[PDB]
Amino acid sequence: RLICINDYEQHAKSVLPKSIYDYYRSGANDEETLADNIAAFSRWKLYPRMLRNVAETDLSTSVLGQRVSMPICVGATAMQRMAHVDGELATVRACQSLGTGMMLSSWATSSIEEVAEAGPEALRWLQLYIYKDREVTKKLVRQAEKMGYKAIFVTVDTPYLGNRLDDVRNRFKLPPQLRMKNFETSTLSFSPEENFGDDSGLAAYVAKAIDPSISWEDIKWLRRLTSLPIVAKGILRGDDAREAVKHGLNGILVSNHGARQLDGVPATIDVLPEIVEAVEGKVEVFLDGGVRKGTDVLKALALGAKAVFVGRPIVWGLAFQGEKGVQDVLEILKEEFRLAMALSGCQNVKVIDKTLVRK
């Protein structure tokens, strides 16, 4: 019996091959930020109000004007079919059951179209990478619009891939039967048919395909390109958050890319308040990185995030029992968040306030 999210990782290591487990598990380099994403949540202490009447705790909220069952949503984990045969399609179906949203990776092992077909009524957004080939980028955006995706989350922190040490020791790359389904060429589909040498296959993929020259000029282009809400994912500084708002973007996702890019950046829960402050109420702010418990969700919302995204636990759900496993992980987090809300005097998400936390 798996009763908490920690239980799931424990189990996922027992079933996945090392290369696939290490890929999902890893942080960059010495993994300092990886540990900190978790340890940081513990440092923020909770100050619950008593006797507030919490009989019918309502977890419902909205992300970018769309209703969700809870401020807990699925983040864009790449290449989910390595964890479960059903991959991204199991994930979207779980999201459809939960009433929450799924961010789909540009590097998904299932296509934008496939995912919409498996979860037609699920809230779905696209995580976008900016490709050297702008026609490829445009195509992803257009396909997301066509298929009823409700926003673009542009990743802005990966001009190159971080150095995850296990992926290089393991010579990481997709199993022979799998591809990045959003692309048609061998190169852009991350075909395991290539010999990538003595390094991570993903680091090479990105170096070849993804544009390190990415700048605010590209943000201007993207903003003119789509009328969809656009969220900047990977922002860690207040002055960059200000710049995003100025470029007409509609949200910031505070993220250190699951501790997999630049190591030694702060925990997301630690930078969240500076971003919420920099944005001056203009745009919704979200958080990912280290969320494992309902109290983590409470802390991020007290500090001003609208919603949080869940990365690794989703993969671990997938690896345990596919769709049901993702559904169960999401239901564990939901009921932990409900209990934490109620114990802190919060009937609904609107009465969550920052007096609930102190560092």
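Take the two forms, find the largest set of C-alpha atoms that superpose within 1.5 Å, and that set is the rigid core. Heads up: residue numbers just count along the shown sequence, starting at 1.
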Fit on the core, then compare CA atoms: does 201-209 or 123-131 lie farther from this form in 8 other deposited structures of this protein? 201-209
When the other structures of this protein are compared, and only where the residues around it are present, is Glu184 absent from a third or more of them? yes
Could you find out if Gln96 - modelled in this structure - is missing from at least a third of the other PDB entries compared that contain residues on either side? no
Per the PDB record, is the mean Cα temperature factor higher over 52-60 or over 288-296? 52-60
Mean CA B-factor: is it higher for 6-14 or for 20-28? 6-14
Among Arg93, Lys132, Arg164, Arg224, the highest C-alpha B-factor in the PDB entry belongs to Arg224
Highest-ranked of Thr77, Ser255, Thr100, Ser111 once sorted by CA temperature factor in the record: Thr77
Using the temperature factors of the C-alpha atoms in this entry, rank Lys334 within its chain: lowest, middle or highest third. lowest
Would you please rank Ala259 by its C-alpha temperature factor against the other modelled residues of its chain and give the third it falls in: lowest, middle or highest? middle
The third of the chain into which the C-alpha temperature factor of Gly238 falls is the middle
With respect to C-alpha B-factor, does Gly119 fall in the lowest, middle or highest third of the chain as deposited? highest
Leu228 CA temperature factor, ranked by third within the chain: middle
